[PDB]
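Dumped query-v2.pdb below, it's PDB, C-alpha atoms and all ligand atoms:
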ATOM      1  CA  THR A   2     -21.312   2.636 -14.082
ATOM      2  CA  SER A   3     -20.847   1.746 -10.427
ATOM      3  CA  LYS A   4     -19.043  -0.967  -8.501
ATOM      4  CA  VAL A   5     -20.772  -3.418  -6.163
ATOM      5  CA  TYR A   6     -20.191  -4.712  -2.656
ATOM      6  CA  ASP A   7     -18.649  -8.129  -2.230
ATOM      7  CA  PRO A   8     -21.625  -9.866  -0.548
ATOM      8  CA  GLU A   9     -19.312 -12.144   1.479
ATOM      9  CA  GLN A  10     -16.928  -9.413   2.630
ATOM     10  CA  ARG A  11     -19.199  -7.653   5.125
ATOM     11  CA  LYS A  12     -19.264 -10.841   7.226
ATOM     12  CA  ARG A  13     -15.556 -10.462   8.052
ATOM     13  CA  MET A  14     -15.216  -6.662   7.807
ATOM     14  CA  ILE A  15     -12.800  -4.942  10.217
ATOM     15  CA  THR A  16     -13.687  -1.296  10.784
ATOM     16  CA  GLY A  17     -11.177   1.470  11.426
ATOM     17  CA  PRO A  18     -11.870   1.658  15.158
ATOM     18  CA  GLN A  19     -11.683  -2.137  15.357
ATOM     19  CA  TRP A  20      -8.252  -2.067  13.703
ATOM     20  CA  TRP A  21      -7.009   0.957  15.657
ATOM     21  CA  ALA A  22      -7.835  -0.694  18.982
ATOM     22  CA  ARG A  23      -5.538  -3.560  17.923
ATOM     23  CA  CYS A  24      -2.568  -1.198  17.332
ATOM     24  CA  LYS A  25       0.134   0.241  19.598
ATOM     25  CA  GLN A  26       1.890   3.593  19.766
ATOM     26  CA  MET A  27       5.523   4.390  20.415
ATOM     27  CA  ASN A  28       7.142   7.799  20.603
ATOM     28  CA  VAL A  29       9.655   8.274  17.779
ATOM     29  CA  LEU A  30      11.922  11.346  17.529
ATOM     30  CA  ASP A  31       9.623  14.417  17.903
ATOM     31  CA  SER A  32       6.447  12.458  17.128
ATOM     32  CA  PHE A  33       5.057   8.902  17.390
ATOM     33  CA  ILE A  34       4.191   5.884  15.211
ATOM     34  CA  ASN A  35       0.981   3.867  15.372
ATOM     35  CA  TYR A  36       1.530   0.263  14.373
ATOM     36  CA  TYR A  37       0.284  -3.303  14.465
ATOM     37  CA  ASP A  38       2.570  -5.995  15.898
ATOM     38  CA  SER A  39       1.587  -9.660  16.042
ATOM     39  CA  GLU A  40       4.566 -10.226  18.394
ATOM     40  CA  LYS A  41       4.813 -14.009  18.116
ATOM     41  CA  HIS A  42       7.561 -15.928  16.284
ATOM     42  CA  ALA A  43       9.932 -12.974  16.759
ATOM     43  CA  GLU A  44      12.893 -14.923  15.330
ATOM     44  CA  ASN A  45      11.832 -13.382  12.011
ATOM     45  CA  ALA A  46      10.215 -10.039  11.265
ATOM     46  CA  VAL A  47       7.999  -9.254   8.269
ATOM     47  CA  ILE A  48       7.539  -5.494   7.982
ATOM     48  CA  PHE A  49       4.587  -4.473   5.769
ATOM     49  CA  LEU A  50       4.824  -0.942   4.353
ATOM     50  CA  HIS A  51       1.821   0.786   2.801
ATOM     51  CA  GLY A  52       2.172   3.687   0.376
ATOM     52  CA  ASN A  53       0.166   6.727  -0.668
ATOM     53  CA  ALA A  54      -3.512   7.219   0.391
ATOM     54  CA  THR A  55      -3.512   4.234   2.741
ATOM     55  CA  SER A  56      -2.255   3.103   6.159
ATOM     56  CA  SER A  57      -1.543  -0.126   8.044
ATOM     57  CA  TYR A  58      -5.274  -0.818   7.583
ATOM     58  CA  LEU A  59      -4.493  -1.778   3.970
ATOM     59  CA  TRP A  60      -2.899  -5.005   5.182
ATOM     60  CA  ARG A  61      -5.602  -6.076   7.672
ATOM     61  CA  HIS A  62      -6.795  -9.110   5.660
ATOM     62  CA  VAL A  63      -3.338  -9.986   4.306
ATOM     63  CA  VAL A  64      -1.385 -10.199   7.581
ATOM     64  CA  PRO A  65      -3.374 -13.057   9.260
ATOM     65  CA  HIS A  66      -1.877 -15.439   6.693
ATOM     66  CA  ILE A  67       1.698 -14.610   7.764
ATOM     67  CA  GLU A  68       1.329 -14.276  11.539
ATOM     68  CA  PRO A  69       1.664 -18.069  12.154
ATOM     69  CA  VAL A  70       5.149 -18.139  10.557
ATOM     70  CA  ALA A  71       6.765 -14.810  11.588
ATOM     71  CA  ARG A  72       6.283 -11.674  13.668
ATOM     72  CA  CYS A  73       4.434  -9.147  11.510
ATOM     73  CA  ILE A  74       4.903  -5.432  12.102
ATOM     74  CA  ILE A  75       2.840  -2.875  10.174
ATOM     75  CA  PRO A  76       3.313   0.881  10.748
ATOM     76  CA  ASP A  77       1.217   3.822   9.783
ATOM     77  CA  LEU A  78       3.760   6.022   8.046
ATOM     78  CA  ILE A  79       4.279   9.440   9.634
ATOM     79  CA  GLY A  80       1.382  11.834   8.987
ATOM     80  CA  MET A  81      -0.789   8.913   7.838
ATOM     81  CA  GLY A  82      -3.232   6.571   9.514
ATOM     82  CA  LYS A  83      -3.200   7.181  13.274
ATOM     83  CA  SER A  84       0.501   7.991  13.557
ATOM     84  CA  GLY A  85       1.858  11.314  14.731
ATOM     85  CA  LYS A  86       2.644  14.175  12.401
ATOM     86  CA  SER A  87       6.102  15.143  11.218
ATOM     87  CA  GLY A  88       7.860  17.704  13.399
ATOM     88  CA  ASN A  89       8.565  20.079  10.499
ATOM     89  CA  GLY A  90       5.415  19.424   8.454
ATOM     90  CA  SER A  91       7.550  17.866   5.704
ATOM     91  CA  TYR A  92       6.501  14.549   4.163
ATOM     92  CA  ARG A  93       9.130  13.768   1.540
ATOM     93  CA  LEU A  94      10.657  10.309   1.120
ATOM     94  CA  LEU A  95      13.550  11.200   3.428
ATOM     95  CA  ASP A  96      11.175  12.524   6.112
ATOM     96  CA  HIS A  97       9.278   9.239   6.083
ATOM     97  CA  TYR A  98      12.590   7.382   6.067
ATOM     98  CA  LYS A  99      13.854   9.318   9.100
ATOM     99  CA  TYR A 100      10.845   8.308  11.222
ATOM    100  CA  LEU A 101      10.743   4.741   9.866
ATOM    101  CA  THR A 102      14.381   3.985  10.650
ATOM    102  CA  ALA A 103      14.113   5.553  14.109
ATOM    103  CA  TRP A 104      11.070   3.334  14.722
ATOM    104  CA  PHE A 105      13.044   0.273  13.515
ATOM    105  CA  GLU A 106      15.681   0.942  16.186
ATOM    106  CA  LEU A 107      13.022   0.573  18.903
ATOM    107  CA  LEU A 108      11.458  -2.697  17.671
ATOM    108  CA  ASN A 109      14.030  -5.293  18.841
ATOM    109  CA  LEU A 110      14.423  -6.524  15.275
ATOM    110  CA  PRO A 111      16.397  -9.591  14.165
ATOM    111  CA  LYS A 112      19.542  -9.144  12.104
ATOM    112  CA  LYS A 113      17.866 -10.065   8.811
ATOM    113  CA  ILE A 114      14.388  -8.646   8.100
ATOM    114  CA  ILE A 115      11.736  -9.466   5.476
ATOM    115  CA  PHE A 116      10.020  -6.479   3.836
ATOM    116  CA  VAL A 117       6.636  -6.370   2.087
ATOM    117  CA  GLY A 118       6.200  -3.066   0.236
ATOM    118  CA  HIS A 119       3.413  -1.442  -1.784
ATOM    119  CA  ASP A 120       3.843   1.771  -3.817
ATOM    120  CA  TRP A 121       6.050   4.263  -1.885
ATOM    121  CA  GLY A 122       6.304   1.743   0.954
ATOM    122  CA  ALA A 123       8.395  -0.341  -1.430
ATOM    123  CA  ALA A 124      10.613   2.692  -2.122
ATOM    124  CA  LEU A 125      11.210   2.955   1.628
ATOM    125  CA  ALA A 126      12.074  -0.739   1.848
ATOM    126  CA  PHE A 127      14.390  -0.526  -1.187
ATOM    127  CA  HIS A 128      16.197   2.503   0.210
ATOM    128  CA  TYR A 129      16.573   0.900   3.639
ATOM    129  CA  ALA A 130      17.919  -2.220   1.949
ATOM    130  CA  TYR A 131      20.456  -0.242  -0.095
ATOM    131  CA  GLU A 132      21.679   1.491   3.067
ATOM    132  CA  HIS A 133      21.625  -1.698   5.194
ATOM    133  CA  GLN A 134      22.514  -4.444   2.755
ATOM    134  CA  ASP A 135      23.357  -6.908   5.542
ATOM    135  CA  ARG A 136      19.938  -6.498   7.233
ATOM    136  CA  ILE A 137      17.767  -7.907   4.409
ATOM    137  CA  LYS A 138      16.442 -11.483   4.302
ATOM    138  CA  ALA A 139      13.904 -11.048   1.464
ATOM    139  CA  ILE A 140      11.773  -8.378  -0.215
ATOM    140  CA  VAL A 141       8.180  -8.721  -1.430
ATOM    141  CA  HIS A 142       7.076  -5.818  -3.609
ATOM    142  CA  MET A 143       4.044  -4.771  -5.635
ATOM    143  CA  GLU A 144       3.003  -1.601  -7.508
ATOM    144  CA  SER A 145       6.449  -0.437  -6.460
ATOM    145  CA  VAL A 146       8.780   2.471  -7.241
ATOM    146  CA  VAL A 147      11.299   0.202  -8.930
ATOM    147  CA  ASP A 148      13.385   2.609 -11.026
ATOM    148  CA  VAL A 149      13.675   6.150 -12.322
ATOM    149  CA  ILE A 150      11.788   7.173 -15.458
ATOM    150  CA  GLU A 151      14.466   8.142 -17.977
ATOM    151  CA  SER A 152      13.631  10.620 -20.728
ATOM    152  CA  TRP A 153      13.524   7.867 -23.361
ATOM    153  CA  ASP A 154      11.285   5.660 -21.170
ATOM    154  CA  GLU A 155       8.589   8.283 -20.702
ATOM    155  CA  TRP A 156       5.200   7.041 -21.833
ATOM    156  CA  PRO A 157       2.606   9.344 -23.447
ATOM    157  CA  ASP A 158       1.511  12.125 -21.065
ATOM    158  CA  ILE A 159       3.491  11.205 -17.937
ATOM    159  CA  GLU A 160       4.839  14.742 -18.351
ATOM    160  CA  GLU A 161       1.273  16.069 -18.225
ATOM    161  CA  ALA A 162       0.318  14.041 -15.147
ATOM    162  CA  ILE A 163       3.326  15.040 -13.060
ATOM    163  CA  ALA A 164       3.006  18.691 -14.068
ATOM    164  CA  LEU A 165      -0.628  18.451 -12.965
ATOM    165  CA  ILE A 166       0.210  17.038  -9.517
ATOM    166  CA  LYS A 167       3.095  19.513  -9.023
ATOM    167  CA  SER A 168       0.874  22.476  -9.994
ATOM    168  CA  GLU A 169      -1.377  24.545  -7.745
ATOM    169  CA  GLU A 170      -4.278  22.791  -9.445
ATOM    170  CA  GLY A 171      -2.796  19.561  -8.112
ATOM    171  CA  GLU A 172      -2.436  21.041  -4.631
ATOM    172  CA  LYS A 173      -6.093  22.054  -4.548
ATOM    173  CA  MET A 174      -7.112  18.637  -5.946
ATOM    174  CA  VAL A 175      -5.493  17.042  -2.913
ATOM    175  CA  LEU A 176      -5.670  19.574  -0.094
ATOM    176  CA  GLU A 177      -9.168  20.842  -0.907
ATOM    177  CA  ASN A 178     -10.794  17.844  -2.648
ATOM    178  CA  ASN A 179      -8.887  14.876  -1.102
ATOM    179  CA  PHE A 180      -8.238  13.406  -4.557
ATOM    180  CA  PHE A 181      -6.226  10.351  -3.529
ATOM    181  CA  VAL A 182      -8.721   9.127  -0.905
ATOM    182  CA  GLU A 183     -12.008  10.199  -2.509
ATOM    183  CA  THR A 184     -11.117   9.404  -6.129
ATOM    184  CA  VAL A 185      -7.924   7.398  -6.712
ATOM    185  CA  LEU A 186      -8.486   4.859  -3.930
ATOM    186  CA  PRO A 187     -12.011   3.703  -4.971
ATOM    187  CA  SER A 188     -11.078   3.990  -8.667
ATOM    188  CA  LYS A 189      -8.273   1.417  -8.198
ATOM    189  CA  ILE A 190     -10.367  -1.121  -6.257
ATOM    190  CA  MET A 191     -12.561  -3.464  -8.285
ATOM    191  CA  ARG A 192     -15.212  -4.011  -5.613
ATOM    192  CA  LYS A 193     -16.977  -1.218  -3.784
ATOM    193  CA  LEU A 194     -15.629  -0.817  -0.258
ATOM    194  CA  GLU A 195     -18.080  -1.177   2.611
ATOM    195  CA  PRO A 196     -18.862   2.307   3.994
ATOM    196  CA  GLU A 197     -16.953   1.541   7.206
ATOM    197  CA  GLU A 198     -13.900   0.431   5.214
ATOM    198  CA  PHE A 199     -13.850   3.648   3.200
ATOM    199  CA  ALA A 200     -14.373   5.649   6.409
ATOM    200  CA  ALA A 201     -11.203   4.061   7.810
ATOM    201  CA  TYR A 202      -9.214   5.398   4.851
ATOM    202  CA  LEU A 203     -10.949   8.787   4.996
ATOM    203  CA  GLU A 204     -10.592   9.370   8.729
ATOM    204  CA  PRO A 205      -6.970  10.676   8.875
ATOM    205  CA  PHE A 206      -7.743  13.026   5.957
ATOM    206  CA  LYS A 207     -11.374  13.899   6.750
ATOM    207  CA  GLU A 208     -10.628  17.604   7.309
ATOM    208  CA  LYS A 209      -9.747  19.883   4.411
ATOM    209  CA  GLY A 210      -6.360  21.478   4.083
ATOM    210  CA  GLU A 211      -2.788  20.895   5.125
ATOM    211  CA  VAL A 212      -3.460  17.620   7.023
ATOM    212  CA  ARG A 213      -3.708  15.978   3.556
ATOM    213  CA  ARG A 214      -0.164  17.063   2.646
ATOM    214  CA  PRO A 215       1.362  13.519   2.797
ATOM    215  CA  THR A 216      -0.920  12.425  -0.049
ATOM    216  CA  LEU A 217       0.292  15.383  -2.182
ATOM    217  CA  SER A 218       3.976  15.085  -1.243
ATOM    218  CA  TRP A 219       4.282  11.380  -2.194
ATOM    219  CA  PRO A 220       3.454  11.728  -5.928
ATOM    220  CA  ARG A 221       5.614  14.846  -6.147
ATOM    221  CA  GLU A 222       8.603  12.615  -5.207
ATOM    222  CA  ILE A 223       8.183  10.588  -8.430
ATOM    223  CA  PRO A 224      11.632   9.873  -9.939
ATOM    224  CA  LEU A 225      10.958  11.309 -13.391
ATOM    225  CA  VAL A 226      14.471  12.435 -14.287
ATOM    226  CA  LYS A 227      12.856  15.261 -16.282
ATOM    227  CA  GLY A 228      12.220  17.691 -13.442
ATOM    228  CA  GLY A 229      12.008  15.097 -10.680
ATOM    229  CA  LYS A 230      13.407  15.773  -7.234
ATOM    230  CA  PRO A 231      17.169  15.246  -7.764
ATOM    231  CA  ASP A 232      17.691  13.649  -4.352
ATOM    232  CA  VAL A 233      14.970  11.055  -4.975
ATOM    233  CA  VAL A 234      16.215  10.327  -8.497
ATOM    234  CA  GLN A 235      19.651   9.603  -7.011
ATOM    235  CA  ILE A 236      18.157   7.473  -4.221
ATOM    236  CA  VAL A 237      16.263   5.372  -6.759
ATOM    237  CA  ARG A 238      19.283   5.217  -9.087
ATOM    238  CA  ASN A 239      21.306   3.828  -6.188
ATOM    239  CA  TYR A 240      18.863   1.235  -4.981
ATOM    240  CA  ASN A 241      17.892   0.132  -8.515
ATOM    241  CA  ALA A 242      21.519  -0.643  -9.341
ATOM    242  CA  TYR A 243      21.827  -2.512  -6.040
ATOM    243  CA  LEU A 244      18.640  -4.488  -6.745
ATOM    244  CA  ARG A 245      19.761  -5.397 -10.295
ATOM    245  CA  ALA A 246      22.949  -6.940  -8.869
ATOM    246  CA  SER A 247      21.429  -8.622  -5.782
ATOM    247  CA  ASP A 248      21.580 -12.225  -7.007
ATOM    248  CA  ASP A 249      21.526 -13.629  -3.449
ATOM    249  CA  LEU A 250      18.508 -11.650  -2.225
ATOM    250  CA  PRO A 251      15.242 -13.603  -2.671
ATOM    251  CA  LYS A 252      12.389 -11.463  -3.970
ATOM    252  CA  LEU A 253       8.681 -11.872  -4.677
ATOM    253  CA  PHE A 254       6.849  -9.613  -7.121
ATOM    254  CA  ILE A 255       3.042  -9.541  -7.066
ATOM    255  CA  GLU A 256       1.663  -8.239 -10.375
ATOM    256  CA  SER A 257      -1.815  -6.764 -10.931
ATOM    257  CA  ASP A 258      -3.704  -5.446 -13.992
ATOM    258  CA  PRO A 259      -1.884  -3.035 -16.336
ATOM    259  CA  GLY A 260      -2.454   0.686 -15.789
ATOM    260  CA  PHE A 261      -1.204   4.129 -16.797
ATOM    261  CA  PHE A 262       1.527   3.949 -14.137
ATOM    262  CA  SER A 263       1.821   0.144 -14.126
ATOM    263  CA  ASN A 264       3.781  -0.765 -17.244
ATOM    264  CA  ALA A 265       7.133   0.688 -16.154
ATOM    265  CA  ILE A 266       6.845  -1.157 -12.818
ATOM    266  CA  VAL A 267       6.555  -4.688 -14.174
ATOM    267  CA  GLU A 268       9.352  -4.222 -16.716
ATOM    268  CA  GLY A 269      11.596  -2.758 -14.029
ATOM    269  CA  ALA A 270      10.865  -5.616 -11.625
ATOM    270  CA  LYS A 271      11.919  -8.270 -14.135
ATOM    271  CA  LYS A 272      15.411  -6.707 -14.140
ATOM    272  CA  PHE A 273      15.993  -7.869 -10.522
ATOM    273  CA  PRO A 274      17.476 -11.387 -10.210
ATOM    274  CA  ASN A 275      16.113 -14.054  -7.864
ATOM    275  CA  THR A 276      12.511 -12.853  -8.215
ATOM    276  CA  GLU A 277       9.518 -15.178  -7.981
ATOM    277  CA  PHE A 278       6.640 -13.751 -10.023
ATOM    278  CA  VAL A 279       2.932 -14.154  -9.225
ATOM    279  CA  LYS A 280      -0.290 -12.478 -10.332
ATOM    280  CA  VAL A 281      -3.585 -11.429  -8.786
ATOM    281  CA  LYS A 282      -6.509  -9.871 -10.619
ATOM    282  CA  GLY A 283      -6.740  -6.402  -9.111
ATOM    283  CA  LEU A 284      -5.785  -2.828  -9.740
ATOM    284  CA  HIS A 285      -3.338  -0.632  -7.858
ATOM    285  CA  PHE A 286      -4.860  -1.309  -4.408
ATOM    286  CA  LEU A 287      -4.840  -5.050  -5.004
ATOM    287  CA  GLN A 288      -4.946  -5.822  -1.250
ATOM    288  CA  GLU A 289      -8.608  -4.855  -1.350
ATOM    289  CA  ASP A 290      -9.532  -7.287  -4.141
ATOM    290  CA  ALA A 291      -7.354 -10.322  -3.456
ATOM    291  CA  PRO A 292      -6.062 -10.213   0.153
ATOM    292  CA  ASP A 293      -6.171 -13.974   0.727
ATOM    293  CA  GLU A 294      -4.496 -14.908  -2.567
ATOM    294  CA  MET A 295      -1.817 -12.332  -1.739
ATOM    295  CA  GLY A 296      -1.449 -13.605   1.821
ATOM    296  CA  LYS A 297      -1.106 -17.220   0.711
ATOM    297  CA  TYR A 298       1.483 -16.274  -1.938
ATOM    298  CA  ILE A 299       3.541 -14.300   0.580
ATOM    299  CA  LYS A 300       3.272 -17.118   3.129
ATOM    300  CA  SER A 301       4.584 -19.778   0.723
ATOM    301  CA  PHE A 302       7.418 -17.443  -0.261
ATOM    302  CA  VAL A 303       8.417 -16.734   3.350
ATOM    303  CA  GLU A 304       8.219 -20.445   4.165
ATOM    304  CA  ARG A 305      10.495 -21.247   1.213
ATOM    305  CA  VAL A 306      12.970 -18.495   2.143
ATOM    306  CA  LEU A 307      13.193 -19.707   5.753
ATOM    307  CA  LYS A 308      13.411 -23.422   4.963
ATOM    308  CA  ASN A 309      16.107 -22.835   2.333
ATOM    309  CA  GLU A 310      18.091 -20.506   4.638
TER
HETATM  310  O1  LIG A 401      -4.239   7.291 -13.636
HETATM  311  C1  LIG A 401      -4.096   8.236 -12.926
HETATM  312  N1  LIG A 401      -4.225   8.261 -11.592
HETATM  313  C2  LIG A 401      -4.596   7.153 -10.716
HETATM  314  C3  LIG A 401      -3.388   6.673  -9.938
HETATM  315  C4  LIG A 401      -2.738   7.508  -9.051
HETATM  316  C5  LIG A 401      -1.643   7.021  -8.363
HETATM  317  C6  LIG A 401      -1.215   5.717  -8.579
HETATM  318  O2  LIG A 401      -0.095   5.230  -7.898
HETATM  319  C7  LIG A 401      -1.867   4.891  -9.476
HETATM  320  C8  LIG A 401      -2.977   5.376 -10.157
HETATM  321  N2  LIG A 401      -3.978   9.541 -11.178
HETATM  322  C9  LIG A 401      -3.684  10.270 -12.298
HETATM  323  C10 LIG A 401      -3.361  11.643 -12.440
HETATM  324  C11 LIG A 401      -3.248  12.520 -11.194
HETATM  325  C12 LIG A 401      -1.867  12.155 -10.625
HETATM  326  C13 LIG A 401      -1.736  11.242  -9.588
HETATM  327  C14 LIG A 401      -0.481  10.901  -9.089
HETATM  328  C15 LIG A 401       0.659  11.475  -9.635
HETATM  329  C16 LIG A 401       0.533  12.383 -10.681
HETATM  330  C17 LIG A 401      -0.720  12.718 -11.174
HETATM  331  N3  LIG A 401      -3.124  12.137 -13.644
HETATM  332  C18 LIG A 401      -3.174  11.354 -14.719
HETATM  333  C19 LIG A 401      -2.956  11.956 -15.958
HETATM  334  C20 LIG A 401      -3.100  13.339 -16.044
HETATM  335  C21 LIG A 401      -2.921  13.982 -17.271
HETATM  336  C22 LIG A 401      -2.610  13.238 -18.403
HETATM  337  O3  LIG A 401      -2.429  13.860 -19.650
HETATM  338  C23 LIG A 401      -2.472  11.863 -18.313
HETATM  339  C24 LIG A 401      -2.658  11.215 -17.091
HETATM  340  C25 LIG A 401      -3.511  10.004 -14.601
HETATM  341  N4  LIG A 401      -3.751   9.491 -13.340
END
Could you write out this file's structure as structure tokens?
Amino acid sequence: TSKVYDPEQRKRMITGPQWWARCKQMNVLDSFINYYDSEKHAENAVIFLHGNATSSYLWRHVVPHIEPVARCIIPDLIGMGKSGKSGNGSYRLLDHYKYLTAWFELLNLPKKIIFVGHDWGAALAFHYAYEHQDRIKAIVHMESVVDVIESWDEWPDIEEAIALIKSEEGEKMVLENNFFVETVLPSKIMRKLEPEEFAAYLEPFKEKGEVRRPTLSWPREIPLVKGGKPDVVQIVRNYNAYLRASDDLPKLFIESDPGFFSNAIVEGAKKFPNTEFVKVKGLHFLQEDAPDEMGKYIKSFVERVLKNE
């Protein structure tokens, strides 16, 4: 079987170099962050955070829907997209968080921020929110790291999968074969990407070896209490308890099709109060199959949050 191009998508395609020319760079700590900033309507800030395998490019067709109502800021996480590399070559959640929060300090942000998070980008938003509970206006999340995986909540073979990614076989899958870009990314998009769109995702990780480390380090942070990184399990424990009790924080959850990793996410998200639920037909990288539906859903949600404020 093979997937097929969307015949109407090529008309509006934005290549990597087209996107990267639209971005800015700012030095941050011992490195720098590449990011997109629509600048206008700076009274609010909507910060879009990608997760593993991707970059700010993931949001290119989503963000135009929100720009008319709020300043949109979209970083490439450290070591990803066109950003700088981490000073110590470490790419754990806390390394990403260190660069992200230092970048926030330089952005002239409003007091209360709106976050839109996918995958580990949602973990970063949730952790920031837990540590800055007075800085959060609303959180949109999707395919998110919502909670830990307790021993009794393990589903069949999650043990196998995490042992695989933490093994040397997993390291070679990523560092040598570029598993998350070459395999996972296209496998979790329903359409076939245009060659230029795939090239934009490949470009940061085109060379073999250690440059692909961020895409290996992210899954190894998974908060499986059985053998998971204790610091990340505690981080997720803390922000999950905060989210479960955050009755006054408006949230939007965008659901996609069920998957091997997906079922724990949706059940965890329904434990957070004040959550508006919506659905798009897509897989994990749902931005590539329903960007306009997503953008219109986020826009209505932001409009409702602001008007009701
Ligand atoms: O579906 C999937 N993806 C696709 C996917 C990846 C990330 C994401 O966010 C959503 C979807 N990837 C796997 C992997 C490899 C892997 C990836 C990331 C972390 C840990 C392991 N391994 C298994 C598996 C291996 C043995 C086994 O017995 C059962 C399952 C399934 N995978």
Determine, counting only C-alpha atoms, every residue of protein, DNA or RNA that lies within 6 Å of (7.5, 8.8, -2.4) in the file coordinates, then give the result as number ranges by chain.
A: 94, 121, 219, 222
Could you list, as a PyMOL selection string, all the residues within 9 Å of ligand LIG 401 (chain A), counting only C-alpha atoms and all ligand atoms?
chain A and resi 52-54+120-121+144-145+157-167+171+174+180-181+184-186+188-189+217+219-221+223+260-263+284-286
Point-to-point distance from atom CA of residue 73 of chain A to atom CA of residue 104 of chain A, Å rounded to tenths
14.5 Å
Let me know the residues the PyMOL selection byres (((chain A and resi 109) around 12) and not hetatm) catches in the file above, as a VMD selection string.
chain A and resid 38 40 43 to 46 72 74 103 to 108 110 to 114
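Here atom CA of residue 266 of chain A stands at a distance of 6.9 Å from atom CA of residue 146 of chain A.
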I need the output of the PyMOL selection byres (((chain A and resi 215) around 12) and not hetatm) for this file as a short mmCIF file (atom, residue, chain, number, x, y, z; two decimals) with C-alpha atoms, keeping the file's coordinate frame; which residues are they?
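For reference, selection_32.cif as written:
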data_model
loop_
_atom_site.label_atom_id
_atom_site.label_comp_id
_atom_site.auth_asym_id
_atom_site.auth_seq_id
_atom_site.Cartn_x
_atom_site.Cartn_y
_atom_site.Cartn_z
CA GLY A 52 2.17 3.69 0.38
CA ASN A 53 0.17 6.73 -0.67
CA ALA A 54 -3.51 7.22 0.39
CA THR A 55 -3.51 4.23 2.74
CA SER A 56 -2.26 3.10 6.16
CA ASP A 77 1.22 3.82 9.78
CA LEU A 78 3.76 6.02 8.05
CA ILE A 79 4.28 9.44 9.63
CA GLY A 80 1.38 11.83 8.99
CA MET A 81 -0.79 8.91 7.84
CA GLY A 82 -3.23 6.57 9.51
CA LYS A 86 2.64 14.18 12.40
CA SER A 87 6.10 15.14 11.22
CA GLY A 90 5.42 19.42 8.45
CA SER A 91 7.55 17.87 5.70
CA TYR A 92 6.50 14.55 4.16
CA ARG A 93 9.13 13.77 1.54
CA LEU A 94 10.66 10.31 1.12
CA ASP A 96 11.18 12.52 6.11
CA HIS A 97 9.28 9.24 6.08
CA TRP A 121 6.05 4.26 -1.88
CA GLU A 172 -2.44 21.04 -4.63
CA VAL A 175 -5.49 17.04 -2.91
CA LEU A 176 -5.67 19.57 -0.09
CA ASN A 179 -8.89 14.88 -1.10
CA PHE A 181 -6.23 10.35 -3.53
CA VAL A 182 -8.72 9.13 -0.90
CA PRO A 205 -6.97 10.68 8.88
CA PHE A 206 -7.74 13.03 5.96
CA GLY A 210 -6.36 21.48 4.08
CA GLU A 211 -2.79 20.90 5.12
CA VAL A 212 -3.46 17.62 7.02
CA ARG A 213 -3.71 15.98 3.56
CA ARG A 214 -0.16 17.06 2.65
CA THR A 216 -0.92 12.42 -0.05
CA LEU A 217 0.29 15.38 -2.18
CA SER A 218 3.98 15.08 -1.24
CA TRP A 219 4.28 11.38 -2.19
CA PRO A 220 3.45 11.73 -5.93
CA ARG A 221 5.61 14.85 -6.15
CA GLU A 222 8.60 12.62 -5.21
#
Students should find that atom CA of residue 9 of chain A and atom CA of residue 75 of chain A are spaced 25.5 Å
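Listed by chain and then by number, the residues chosen by the PyMOL selection byres (((chain A and resi 30) around 9) and not hetatm) in this file are residues 28, 29, 31, 32, 33, 88, 99, 100, 103 and 104 of chain A.
In terms of minimum interatomic distance to residue 16 of chain A, A:197 ranks closest within A:301, A:39, A:135, A:197, counting only C-alpha atoms.
The residue that comes closest to residue 242 of chain A, out of A:6, A:21, A:153, A:131 and on the basis of only C-alpha atoms, is A:131.
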Could you pull out every residue with an atom within 12 Å of (7.0, -23.1, -6.0), file coordinates, counting only C-alpha atoms, and send them as a ChimeraX atom specification?
/A:253,276-279,298-306
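Proximity ranking of A:62, A:83, A:51, A:128 relative to residue 238 of chain A places A:128 first, based on all atoms listed in the file.
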Contacts of residue 190 of chain A at 12 Å (all atoms listed in the file; same-chain gap of 2+ positions) as a VMD selection string
chain A and resid 3 to 7 59 182 184 to 188 192 to 195 199 257 to 258 282 to 292
May I have the centre and edge lengths, in Å to one decimal, of an axis-aligned box around the listed atoms of segment 273-290 of chain A with 5 Å added to every side, as lines of an AutoDock Vina configuration file?
center_x = 4.0
center_y = -7.9
center_z = -5.9
size_x = 37.0
size_y = 24.5
size_z = 19.4
Could I see segment 41-45 of chain A restored to N, CA, C and O atoms, set down as a PDB file, in the frame of the given file?
ATOM      1  N   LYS A  41       4.355 -12.633  17.982  1.00  0.00           N
ATOM      2  CA  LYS A  41       4.813 -14.009  18.116  1.00  0.00           C
ATOM      3  C   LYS A  41       5.736 -14.411  16.967  1.00  0.00           C
ATOM      4  O   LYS A  41       5.707 -13.836  15.876  1.00  0.00           O
ATOM      5  N   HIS A  42       6.557 -15.431  17.233  1.00  0.00           N
ATOM      6  CA  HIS A  42       7.561 -15.928  16.284  1.00  0.00           C
ATOM      7  C   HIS A  42       8.558 -14.830  15.909  1.00  0.00           C
ATOM      8  O   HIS A  42       8.879 -14.621  14.735  1.00  0.00           O
ATOM      9  N   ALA A  43       9.077 -14.145  16.933  1.00  0.00           N
ATOM     10  CA  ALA A  43       9.932 -12.974  16.759  1.00  0.00           C
ATOM     11  C   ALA A  43      11.319 -13.308  16.218  1.00  0.00           C
ATOM     12  O   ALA A  43      12.132 -12.388  16.045  1.00  0.00           O
ATOM     13  N   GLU A  44      11.617 -14.580  15.946  1.00  0.00           N
ATOM     14  CA  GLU A  44      12.893 -14.923  15.330  1.00  0.00           C
ATOM     15  C   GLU A  44      13.000 -14.361  13.918  1.00  0.00           C
ATOM     16  O   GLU A  44      14.113 -14.166  13.417  1.00  0.00           O
ATOM     17  N   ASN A  45      11.871 -14.095  13.274  1.00  0.00           N
ATOM     18  CA  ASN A  45      11.832 -13.382  12.011  1.00  0.00           C
ATOM     19  C   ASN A  45      10.913 -12.183  12.163  1.00  0.00           C
ATOM     20  O   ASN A  45      10.099 -12.118  13.086  1.00  0.00           O
TER      21      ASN A  45
END
